[PDB]
Structure formats: structure tokens, C-alpha cells
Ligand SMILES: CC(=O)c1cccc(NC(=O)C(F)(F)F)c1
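One chain follows as C-alpha cells, the form solved without the named molecule.
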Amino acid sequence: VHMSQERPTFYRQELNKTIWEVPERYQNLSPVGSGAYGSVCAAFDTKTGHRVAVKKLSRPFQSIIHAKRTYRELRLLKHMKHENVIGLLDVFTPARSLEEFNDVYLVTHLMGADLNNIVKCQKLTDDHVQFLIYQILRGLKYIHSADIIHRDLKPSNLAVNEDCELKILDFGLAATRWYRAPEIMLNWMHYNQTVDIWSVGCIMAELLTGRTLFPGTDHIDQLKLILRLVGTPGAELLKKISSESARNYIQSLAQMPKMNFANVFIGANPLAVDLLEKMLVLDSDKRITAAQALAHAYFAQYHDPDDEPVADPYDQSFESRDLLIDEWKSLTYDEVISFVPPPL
């Protein structure tokens, strides 16, 4: 391949009954977990001197659905270049050609402590909460500007280091429901980027109080807890709900007013409570956006409009393509080949 990177030396090892063939660069691999779509080892990146997560995708081209999902994840990870968002440090295959291309490895930021983990051994100050939520919204302004929706924000998807610096991880490539917006939990209407703002509101409330905000046990129990705080849907929102059955169910509920959040959160920063009221609006079209939230006075000590960048536009037209397995595979291989590592 014209002007491609030199192929590193690979070495083979079996780890949890899985063959891993990775460049010499990655040393001291040790298993961290396994999902349905791949398994993850922590490793020492001898090129950067950092510990990294190396994900080997599990049979990435098994079907059309899996092959397209593999391409979607690689396209997503290659696009995102932001301090508060997971970035692709490396992607490699041991294959020297498309004909032997079978395995895909993704190298990213190693999840040490997530947000749940950091509260288990300390009490966060309001300064800590301000900075953590600011970084989530700064990352979200970036991904939303490219028309990317995370879809599954929760504390276990937010990595935090010892400097209280945060990265958004584990994007939804399309479990607890406590952080999910009501309009997607019951499929009331289409996914909008406003669903990520709802999740931030749930996360922030939990960081401020130490209690999960809506810890329901099923979808109905959860909806009733949500509606108790934010009120039943008004007539404007009911018009936007597409399923008639969902509308009839909502209209069957005893009407409830929105609660006064200041009563619910006595002792919390009033600017924090004001921001929460703007994030946990039931109508998604009235929720504050990530860009607007960064300008809220709650973040006055961190907000810098010259240091809150937006993303390049992200071409998602591939999503409407209907291709053979080997075509998605060939597209994925092209993206592995075209990958340019980040500097340093």
C-alpha cells in the first residue's frame, strides 16, 4: 500500500482461551472484561508510556449486522478528537491483506476509575461537581455538533483520573435505565441529542445528593418516579408522541404538577438546582442544550467560549447503505489502512 505505515512485529499469546496477536509495542496484557462484541485487555503502550485498553472485536464480520456495526464503531472512534471524549489511539490487524483480514483490534483510553468508583472513597466538593459536569457538557457540545448522540450516558461510562479530568466512553452503537430519558425508555418518539442532556441531569443530581434520582425497578415504576418530579405531559408534548397506545396510556395517568426543585434539593448551590431544572424538562425540545448549558452561571469559573471546540461534520450516509458482508468488511479494512495516529 502506497505510503502506508511500516508493519510492526506482532507476537501471539492465548489469554482467556482467546488468541491475541498484537504489535510488540503493547506489553503485559491482562484481561479486564468481555462483552458480546469483544474482549478487553489492559496493556502497557511502550510507545506512549501509558496504560491502554486493547479491545479485540469478537467475530466482527460474522453477519451483515455485525460487519456494519464494526464499521460504524471504527468510523465513530476515528472521528472523535476531543479532550473529554474517548479517542482512537490505534487500530490494527495482524492481516497483511484483505483476504486474510479477520480480526480488528481497537486501542483506547484505559478506564481506571469511573464516576461511581470515585464516590466510593471520597465526598465530592461542589467544585468537583462543577468541574466534572462542565467536562461532560464540553464533550457533549463536541459530539452533538457532529450530530452524534451518545444514547447511554451513565456514571459507569465516564472515566475520571486523579486530576478530576473526565472522558466520555462507551458510545451506544445501537442494563440500568435510571439515566435514560423517558421518551426513549418507552419509545415515545425518535432519538434526539437532548436525551444525553437528561442523562447529565440525572448524573448531576446524584453527584450533589449521593442518591440516585430515579431508581425505578421496571419501565412503569421508573416513569412514575420521573413524572412525580417533572409533571405529567401537557397537551403540547402529547402531540409529539407517535404511538396512539403510548398517548392513551399517558392520558390514563392522574395529572401531576411539576415539583419545585428547590424544595427537593435544599442545601445545594441554587445555580446547580437552576441548571438541573433546565436539564430535566420532560419535553426534550425545551431542554437546555450542551452549548447553552456551558454558558450557565453555575460554570462561570470554568467556562471559556474560546476553549469549547466543535467537531468536524460527520458523514453518516453509510447508515442507509445495504451492502454485502464482504463489502462492509472491505470498507472496514480501508478504514484500518487509512488510520493516522494522534501526535505524541
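One-based numbering along the sequence shown. Residues that one form lacks are left out of the comparison. In this text, the rigid core denotes the largest set of C-alpha atoms whose superposition between the two forms falls within 1.5 Å.
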Determine, among the other compared PDB entries that model residues flanking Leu173, whether at least a third leave it unmodelled. yes
Count of coordinate-less deposited residues separating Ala174 and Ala175, as none, 1 to 3, 4 to 9, or 10 or more? 10 or more
Which is higher in the entry, the mean Cα B factor of 238 to 246 or that of 176 to 184? 238 to 246
Between 135 to 143 and 119 to 127, which has the larger average Cα B-factor in the PDB entry? 119 to 127
Could you check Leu77, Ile168, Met111, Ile148 and tell me which one carries the biggest Cα B-factor in the deposited entry? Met111
Just the C-alpha B-factor column, please: which of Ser156, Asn161, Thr217, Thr194 has the biggest number? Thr217
Considering only modelled residues of the same chain, in which third does the CA B-factor of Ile64 rank: lowest, middle or highest? middle
Which third, lowest, middle or highest, does the C-alpha temperature factor of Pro257 belong to within its own chain? highest
Where the record places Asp306 (Cα B-factor, split into thirds across the chain): highest
Where the record places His296 (Cα B-factor, split into thirds across the chain): lowest
For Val52, the third of its chain by CA B-factor is the middle
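The same protein also exists as the form deposited with the named molecule bound; that form is not shown, yet it is the one meant from here on.
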Honest question, do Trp188, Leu223 and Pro233 all end up within 4.5 Å of the named molecule in the deposited complex by heavy atom distance? yes
With the partner left out of view, is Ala290 within 4.5 angstroms of the named molecule in the deposited complex by any non-hydrogen atom? no
Closest heavy atom of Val104 to the named molecule in the deposited complex, within 4.5 Å or not? no
In the deposited complex, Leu294 touching the named molecule (heavy atom, 4.5 Å): no
Heavy atom to heavy atom, is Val200 within 4.5 Å of the named molecule in the deposited complex? no
Looking at the named molecule in the deposited complex, which residues in 236 to 253 have at least one heavy atom within 4.5 Å of it? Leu237, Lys240, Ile241, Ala246, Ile250
Residue showing a 2 Å-or-more C-alpha displacement between this form and the one not shown once the rigid core is overlaid, selected from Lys258, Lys240, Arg151, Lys78: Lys240
For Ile184, does the CA position differ by 2 Å or more between this form and the one not shown when the superposition is done on the rigid core? no
Would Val119 count as moving between this form and the one not shown, using a Cα shift of 2 angstroms or more after superposing the core as the test? yes
Consecutive stretches, 3 or more residues long, displaced between this form and the one not shown (C-alpha shift of at least 2 Å once the core is aligned): 119 to 121, 235 to 243
